[PDB]
>>> print(open('protein00.pdb').read())   # PDB, C-alpha atoms (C1' of nucleotides)
ATOM      1  CA  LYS A   4     -17.404 -32.132   9.767
ATOM      2  CA  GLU A   5     -19.016 -35.614   9.882
ATOM      3  CA  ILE A   6     -19.203 -35.284  13.722
ATOM      4  CA  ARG A   7     -22.555 -37.171  13.508
ATOM      5  CA  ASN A   8     -22.927 -37.424  17.341
ATOM      6  CA  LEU A   9     -25.849 -37.037  19.846
ATOM      7  CA  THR A  10     -26.857 -33.347  20.203
ATOM      8  CA  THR A  11     -26.126 -33.438  23.920
ATOM      9  CA  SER A  12     -22.605 -34.629  22.994
ATOM     10  CA  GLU A  13     -22.500 -31.574  20.681
ATOM     11  CA  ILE A  14     -23.279 -29.355  23.737
ATOM     12  CA  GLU A  15     -20.682 -31.142  25.902
ATOM     13  CA  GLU A  16     -18.187 -30.577  23.088
ATOM     14  CA  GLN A  17     -18.897 -26.870  22.618
ATOM     15  CA  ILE A  18     -18.670 -26.406  26.379
ATOM     16  CA  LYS A  19     -15.375 -28.301  26.556
ATOM     17  CA  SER A  20     -13.623 -26.774  23.550
ATOM     18  CA  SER A  21     -15.243 -23.396  24.222
ATOM     19  CA  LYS A  22     -13.608 -22.434  27.500
ATOM     20  CA  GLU A  23     -11.342 -25.188  28.678
ATOM     21  CA  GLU A  24      -8.862 -25.796  25.861
ATOM     22  CA  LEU A  25      -9.164 -22.339  24.319
ATOM     23  CA  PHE A  26      -9.248 -20.317  27.555
ATOM     24  CA  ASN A  27      -6.280 -22.269  28.911
ATOM     25  CA  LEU A  28      -4.280 -21.645  25.743
ATOM     26  CA  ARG A  29      -5.217 -17.957  25.856
ATOM     27  CA  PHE A  30      -3.777 -17.682  29.357
ATOM     28  CA  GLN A  31      -0.641 -19.622  28.413
ATOM     29  CA  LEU A  32       0.138 -17.526  25.337
ATOM     30  CA  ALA A  33      -0.081 -14.425  27.542
ATOM     31  CA  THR A  34       1.960 -15.541  30.557
ATOM     32  CA  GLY A  35       4.716 -16.839  28.249
ATOM     33  CA  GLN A  36       4.324 -20.610  28.484
ATOM     34  CA  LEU A  37       2.563 -21.750  25.303
ATOM     35  CA  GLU A  38       4.481 -22.955  22.339
ATOM     36  CA  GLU A  39       2.741 -24.821  19.559
ATOM     37  CA  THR A  40       0.680 -21.659  19.238
ATOM     38  CA  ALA A  41      -1.073 -23.122  16.180
ATOM     39  CA  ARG A  42      -3.237 -25.133  18.603
ATOM     40  CA  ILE A  43      -5.338 -22.007  19.137
ATOM     41  CA  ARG A  44      -6.593 -21.554  15.565
ATOM     42  CA  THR A  45      -7.302 -25.282  15.581
ATOM     43  CA  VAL A  46      -9.592 -25.175  18.614
ATOM     44  CA  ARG A  47     -11.345 -22.023  17.392
ATOM     45  CA  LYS A  48     -12.312 -23.676  14.125
ATOM     46  CA  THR A  49     -13.462 -26.770  15.987
ATOM     47  CA  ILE A  50     -15.744 -24.597  18.099
ATOM     48  CA  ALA A  51     -17.203 -23.291  14.848
ATOM     49  CA  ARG A  52     -17.964 -26.703  13.359
ATOM     50  CA  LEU A  53     -19.741 -28.003  16.456
ATOM     51  CA  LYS A  54     -21.906 -24.911  16.342
ATOM     52  CA  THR A  55     -22.749 -24.947  12.608
ATOM     53  CA  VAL A  56     -23.992 -28.596  12.473
ATOM     54  CA  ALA A  57     -26.201 -28.037  15.579
ATOM     55  CA  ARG A  58     -27.773 -25.034  13.750
ATOM     56  CA  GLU A  59     -28.290 -27.260  10.636
ATOM     57  CA  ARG A  60     -30.247 -29.665  12.915
ATOM     58  CA  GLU A  61     -32.025 -26.477  14.209
TER
ATOM     59  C1'   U B   1      77.574  60.632 -12.941
ATOM     60  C1'   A B   2      73.629  62.643 -16.560
ATOM     61  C1'   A B   3      69.307  62.307 -20.026
ATOM     62  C1'   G B   4      65.805  58.955 -21.937
ATOM     63  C1'   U B   5      62.904  54.245 -22.819
ATOM     64  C1'   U B   6      61.031  49.838 -21.094
ATOM     65  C1'   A B   7      59.665  45.178 -17.934
ATOM     66  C1'   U B   8      58.361  41.999 -14.348
ATOM     67  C1'   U B   9      54.493  41.996  -9.265
ATOM     68  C1'   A B  10      48.091  39.929  -9.330
ATOM     69  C1'   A B  11      45.578  41.112  -3.036
ATOM     70  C1'   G B  12      41.692  40.116  -6.385
ATOM     71  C1'   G B  13      39.124  40.256 -11.344
ATOM     72  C1'   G B  14      38.029  38.948 -17.100
ATOM     73  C1'   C B  15      37.895  35.111 -21.119
ATOM     74  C1'   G B  16      38.864  29.927 -22.890
ATOM     75  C1'   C B  17      39.133  24.922 -21.666
ATOM     76  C1'   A B  18      39.269  20.054 -17.862
ATOM     77  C1'   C B  19      36.980  17.877 -13.709
ATOM     78  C1'   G B  20      33.298  17.748  -9.799
ATOM     79  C1'   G B  21      28.594  19.155  -7.041
ATOM     80  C1'   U B  22      23.430  20.848  -7.115
ATOM     81  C1'   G B  23      18.685  20.358  -9.305
ATOM     82  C1'   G B  24      15.424  17.316 -11.834
ATOM     83  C1'   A B  25      14.125  18.984 -17.592
ATOM     84  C1'   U B  26      14.135  15.544 -21.733
ATOM     85  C1'   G B  27      14.037  10.498 -23.971
ATOM     86  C1'   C B  28      11.844   5.817 -23.396
ATOM     87  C1'   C B  29       8.318   3.023 -20.267
ATOM     88  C1'   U B  30       3.761   2.097 -17.671
ATOM     89  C1'   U B  31       0.614  -0.449 -12.529
ATOM     90  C1'   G B  32      -3.920   4.105 -14.192
ATOM     91  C1'   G B  33      -7.152   7.435 -16.773
ATOM     92  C1'   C B  34     -10.347   9.453 -21.331
ATOM     93  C1'   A B  35     -13.977   8.765 -25.227
ATOM     94  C1'   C B  36     -16.888   5.298 -27.221
ATOM     95  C1'   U B  37     -19.395   0.174 -29.583
ATOM     96  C1'   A B  38     -22.351  -4.628 -29.074
ATOM     97  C1'   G B  39     -24.891  -7.771 -25.211
ATOM     98  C1'   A B  40     -26.746  -8.484 -19.396
ATOM     99  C1'   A B  41     -29.142  -5.243 -15.932
ATOM    100  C1'   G B  42     -31.854  -0.606 -14.519
ATOM    101  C1'   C B  43     -33.588  -0.749  -7.771
ATOM    102  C1'   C B  44     -32.398  -1.949  -1.854
ATOM    103  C1'   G B  45     -35.429  -1.429   2.877
ATOM    104  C1'   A B  46     -39.072  -2.878   9.373
ATOM    105  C1'   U B  47     -36.884 -10.507   7.716
ATOM    106  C1'   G B  48     -33.783  -3.592   9.520
ATOM    107  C1'   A B  49     -31.167  -0.270   4.008
ATOM    108  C1'   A B  50     -27.156   2.955   1.886
ATOM    109  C1'   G B  51     -23.373   4.332   4.937
ATOM    110  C1'   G B  52     -20.176   3.735   8.909
ATOM    111  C1'   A B  53     -18.084   2.924  14.586
ATOM    112  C1'   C B  54     -15.694  -1.092  17.154
ATOM    113  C1'   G B  55     -13.281  -5.440  16.797
ATOM    114  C1'   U B  56     -10.859 -10.322  14.624
ATOM    115  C1'   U B  57      -4.334 -13.080  13.059
ATOM    116  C1'   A B  58       1.147 -16.164  17.166
ATOM    117  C1'   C B  59       2.695 -11.118  16.867
ATOM    118  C1'   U B  60      -0.493  -5.912  14.125
ATOM    119  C1'   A B  61       0.428   0.285  14.186
ATOM    120  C1'   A B  62      -2.272   0.323   8.621
ATOM    121  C1'   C B  63      -5.026  -1.636   3.904
ATOM    122  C1'   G B  64      -7.938  -5.537   1.987
ATOM    123  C1'   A B  65     -11.181  -9.825   3.740
ATOM    124  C1'   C B  66     -14.412 -11.056   7.778
ATOM    125  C1'   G B  67     -18.127 -10.525  12.422
ATOM    126  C1'   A B  68     -18.052 -13.084  19.448
ATOM    127  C1'   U B  69     -18.842 -19.438  14.473
ATOM    128  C1'   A B  70     -14.821 -12.952  13.337
ATOM    129  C1'   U B  71      -7.590 -12.813   8.761
ATOM    130  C1'   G B  72     -13.512 -16.757   8.330
ATOM    131  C1'   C B  73     -17.562 -22.334   8.697
ATOM    132  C1'   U B  74     -20.476 -26.399   6.097
ATOM    133  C1'   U B  75     -21.812 -28.687   1.445
ATOM    134  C1'   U B  76     -22.095 -29.673  -4.024
ATOM    135  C1'   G B  77     -19.218 -29.137  -8.730
ATOM    136  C1'   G B  78     -14.263 -27.529 -10.994
ATOM    137  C1'   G B  79      -8.703 -28.195 -10.006
TER
END
>>> encode(input="protein00.pdb", output="C-alpha coordinates")
Amino acid sequence: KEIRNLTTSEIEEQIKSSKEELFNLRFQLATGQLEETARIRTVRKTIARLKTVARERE
RNA sequence: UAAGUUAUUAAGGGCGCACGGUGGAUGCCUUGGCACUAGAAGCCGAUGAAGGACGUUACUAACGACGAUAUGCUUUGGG
(Lines of atoms letter the chains of each structure in order from A and count residues from 1; the text may use other names and numbers.)
(Lines give C-alpha, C1' and ligand atoms only; values in the text may rest on other atoms or scores of the structure.)
Protein backbone atom coordinates (compact mmCIF):
# COMPACT_ATOMS: atom_id res chain seq x y z
CA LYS A 1 0.00 0.00 0.00
CA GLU A 2 2.80 2.43 -1.00
CA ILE A 3 4.64 1.49 2.26
CA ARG A 4 7.91 1.81 0.25
CA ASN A 5 10.14 1.31 3.36
CA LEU A 6 13.40 -0.63 4.11
CA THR A 7 12.74 -4.41 4.24
CA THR A 8 14.00 -4.58 7.81
CA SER A 9 11.39 -1.90 8.65
CA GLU A 10 8.88 -4.25 6.97
CA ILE A 11 9.97 -7.02 9.42
CA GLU A 12 9.81 -4.66 12.42
CA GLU A 13 6.31 -3.70 11.27
CA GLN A 14 5.01 -7.25 10.83
CA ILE A 15 6.44 -8.13 14.24
CA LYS A 16 4.84 -5.08 15.85
CA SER A 17 1.40 -5.27 14.25
CA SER A 18 1.49 -9.08 14.33
CA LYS A 19 1.40 -9.74 18.06
CA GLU A 20 1.43 -6.51 19.96
CA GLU A 21 -1.55 -4.50 18.69
CA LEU A 22 -3.56 -7.50 17.51
CA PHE A 23 -2.82 -9.83 20.44
CA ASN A 24 -3.59 -7.04 22.91
CA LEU A 25 -6.90 -6.29 21.22
CA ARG A 26 -7.73 -10.01 21.17
CA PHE A 27 -7.27 -10.17 24.94
CA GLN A 28 -9.27 -6.98 25.50
CA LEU A 29 -12.25 -8.08 23.41
CA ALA A 30 -12.38 -11.28 25.48
CA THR A 31 -12.00 -9.87 29.00
CA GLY A 32 -14.64 -7.22 28.25
CA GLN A 33 -12.59 -4.03 27.93
CA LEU A 34 -12.28 -3.28 24.21
CA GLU A 35 -14.64 -0.95 22.49
CA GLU A 36 -13.84 0.41 19.07
CA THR A 37 -13.79 -3.24 18.04
CA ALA A 38 -13.29 -2.21 14.41
CA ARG A 39 -9.60 -1.67 15.26
CA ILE A 40 -9.10 -5.43 14.95
CA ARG A 41 -10.06 -5.83 11.28
CA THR A 42 -7.89 -2.78 10.62
CA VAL A 43 -4.74 -4.29 12.12
CA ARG A 44 -5.36 -7.66 10.47
CA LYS A 45 -5.47 -6.10 7.02
CA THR A 46 -2.35 -4.08 7.79
CA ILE A 47 -0.54 -7.30 8.68
CA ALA A 48 -1.56 -8.60 5.26
CA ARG A 49 -0.21 -5.63 3.30
CA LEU A 50 3.19 -5.67 4.99
CA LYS A 51 3.45 -9.33 4.09
CA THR A 52 2.31 -9.10 0.44
CA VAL A 53 4.78 -6.32 -0.61
CA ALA A 54 7.71 -8.21 1.03
CA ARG A 55 6.73 -11.29 -1.07
CA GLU A 56 6.60 -9.04 -4.21
CA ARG A 57 10.23 -8.04 -3.42
CA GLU A 58 10.81 -11.84 -2.90
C1' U B 1 -123.61 -40.09 35.41
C1' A B 2 -123.22 -43.00 30.50
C1' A B 3 -121.44 -43.99 25.34
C1' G B 4 -118.23 -42.17 21.66
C1' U B 5 -114.39 -39.03 19.05
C1' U B 6 -110.22 -36.11 19.24
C1' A B 7 -105.64 -32.98 20.89
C1' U B 8 -101.54 -31.21 23.07
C1' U B 9 -96.16 -33.58 25.55
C1' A B 10 -90.41 -34.39 22.15
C1' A B 11 -85.99 -37.43 26.45
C1' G B 12 -84.20 -37.67 21.55
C1' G B 13 -84.68 -38.13 16.00
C1' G B 14 -86.04 -36.56 10.37
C1' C B 15 -86.20 -32.58 6.49
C1' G B 16 -85.53 -27.26 4.99
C1' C B 17 -82.97 -22.85 5.74
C1' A B 18 -79.14 -18.99 8.68
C1' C B 19 -74.45 -18.61 10.95
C1' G B 20 -69.72 -20.62 12.49
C1' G B 21 -65.42 -24.25 12.68
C1' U B 22 -62.26 -27.92 10.21
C1' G B 23 -59.48 -29.13 5.92
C1' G B 24 -56.88 -27.39 1.86
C1' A B 25 -59.38 -28.58 -3.62
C1' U B 26 -59.88 -24.87 -7.49
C1' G B 27 -58.68 -20.06 -9.92
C1' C B 28 -54.70 -16.86 -10.91
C1' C B 29 -49.30 -16.30 -10.19
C1' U B 30 -44.17 -17.76 -10.28
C1' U B 31 -38.20 -17.55 -7.61
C1' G B 32 -37.52 -23.28 -10.90
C1' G B 33 -37.75 -27.23 -14.44
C1' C B 34 -38.38 -29.70 -19.78
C1' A B 35 -37.18 -30.02 -25.01
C1' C B 36 -34.41 -27.83 -28.48
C1' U B 37 -31.40 -23.94 -32.20
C1' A B 38 -26.82 -20.94 -33.64
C1' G B 39 -21.66 -19.76 -31.83
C1' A B 40 -17.15 -20.76 -27.78
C1' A B 41 -15.07 -25.18 -25.69
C1' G B 42 -14.34 -30.68 -25.41
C1' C B 43 -9.72 -32.28 -20.44
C1' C B 44 -7.27 -31.59 -14.84
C1' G B 45 -2.92 -34.02 -12.20
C1' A B 46 3.61 -35.21 -8.51
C1' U B 47 4.46 -27.22 -9.53
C1' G B 48 -0.04 -32.39 -5.83
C1' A B 49 -6.13 -33.45 -9.02
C1' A B 50 -11.60 -34.35 -8.59
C1' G B 51 -13.62 -34.46 -3.96
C1' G B 52 -13.89 -33.18 1.01
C1' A B 53 -12.41 -32.42 6.88
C1' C B 54 -11.26 -28.21 9.93
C1' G B 55 -11.38 -23.25 10.44
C1' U B 56 -12.14 -17.54 9.33
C1' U B 57 -16.67 -12.11 10.97
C1' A B 58 -17.53 -7.66 16.96
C1' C B 59 -21.05 -11.49 17.91
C1' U B 60 -22.20 -17.09 14.41
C1' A B 61 -25.57 -22.26 15.46
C1' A B 62 -26.19 -22.60 9.32
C1' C B 63 -25.51 -21.29 3.70
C1' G B 64 -22.51 -18.73 0.27
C1' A B 65 -17.33 -16.50 -0.19
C1' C B 66 -12.40 -17.34 1.59
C1' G B 67 -7.57 -20.06 3.82
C1' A B 68 -3.15 -18.78 9.71
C1' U B 69 -2.17 -12.68 4.46
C1' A B 70 -8.60 -16.64 6.03
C1' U B 71 -16.36 -13.07 5.66
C1' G B 72 -10.34 -11.94 2.02
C1' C B 73 -4.65 -8.69 -0.15
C1' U B 74 -1.91 -5.88 -4.19
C1' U B 75 -2.13 -3.69 -9.08
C1' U B 76 -4.11 -2.11 -14.03
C1' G B 77 -8.79 -0.69 -16.63
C1' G B 78 -14.35 0.27 -16.00
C1' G B 79 -17.83 3.05 -12.45
>>> closest_atom_pairs(input="protein00.pdb", of="chain A", to="chain B", cutoff="9 Å", atoms="only C-alpha atoms (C1' of nucleotides)", output="tab-separated table")
residue	atom	partner	partner_atom	distance
A:4	CA	B:74	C1'	7.5
A:32	CA	B:58	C1'	8.3
A:40	CA	B:58	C1'	5.9
A:41	CA	B:58	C1'	7.4
A:43	CA	B:58	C1'	8.9
A:47	CA	B:69	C1'	8.5
A:48	CA	B:73	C1'	7.7
A:50	CA	B:69	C1'	7.0
A:51	CA	B:69	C1'	4.2
A:52	CA	B:73	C1'	6.4
A:53	CA	B:69	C1'	8.8
A:54	CA	B:69	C1'	6.5
A:55	CA	B:73	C1'	7.0
A:56	CA	B:74	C1'	7.6
>>> atom_distance(input="protein00.pdb", atom1="atom CA of residue 46 of chain A", atom2="atom CA of residue 26 of chain A")
10.2 Å
>>> resolve_selection(input="protein00.pdb", expression="the PyMOL selection byres ((chain A and resi 7-19) around 8)", output="list in words")
residues 5, 6, 20, 21, 22, 23, 24, 50, 53, 54 and 57 of chain A
>>> atom_distance(input="protein00.pdb", atom1="atom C1' of residue 71 of chain B", atom2="atom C1' of residue 44 of chain B")
29.1 Å
>>> atom_distance(input="protein00.pdb", atom1="atom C1' of residue 56 of chain B", atom2="atom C1' of residue 70 of chain B")
4.9 Å
